[PDB]
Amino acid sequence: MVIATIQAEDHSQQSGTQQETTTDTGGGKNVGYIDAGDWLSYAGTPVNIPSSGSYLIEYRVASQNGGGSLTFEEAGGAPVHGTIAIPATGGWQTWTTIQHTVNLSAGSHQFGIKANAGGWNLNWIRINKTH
């Protein structure tokens, strides 16, 4: 049911953030120092959506104090697919997976993430079928 897993650090463009080592399962890196206005683009790795309809988007996140939120969209800002609040997890390297649904059109997508409020780290994103 997995369409794509995208490691958050594997962006083709970004604004305002920096990579750091993660102690989450699998190791590697996460994106940190996320604040309002910051963004991540995955335009360099287009993802194919096989059919129009509902998809589940998952985010592997960590947050010391909570208060964060993001917008999932096409790279460049539009169309916007959805928004999600990012809860406190207990620490900067205490990880949990959050999710929401969005509608996506069939075909090739270039995704982006805009931080509306900071306070969180991001390890990876996953796009899944519902259907």
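One rule holds for the numbers: they count along the sequence shown, beginning at 1.
Please compare 78 to 86 with 22 to 30 and say which has the higher mean C-alpha temperature factor in the record.
Comparing 78 to 86 with 22 to 30, the higher mean C-alpha B-factor belongs to 22 to 30.
Per the entry, where is the mean C-alpha temperature factor higher: 88 to 96 or 101 to 109?
On average, C-alpha B-factors are higher across 88 to 96.
Can you pull the Cα B-factors for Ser41, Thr71, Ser52, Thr45 from the entry and say which is highest?
Out of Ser41, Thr71, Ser52, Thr45, the record gives the largest C-alpha B-factor to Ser52.
When the deposited Cα B-factors of this chain's modelled residues are ordered and cut into thirds, is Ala4 in the lowest, the middle or the highest one?
Lowest third - that is where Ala4 ends up once the chain's C-alpha B-factors are sorted.
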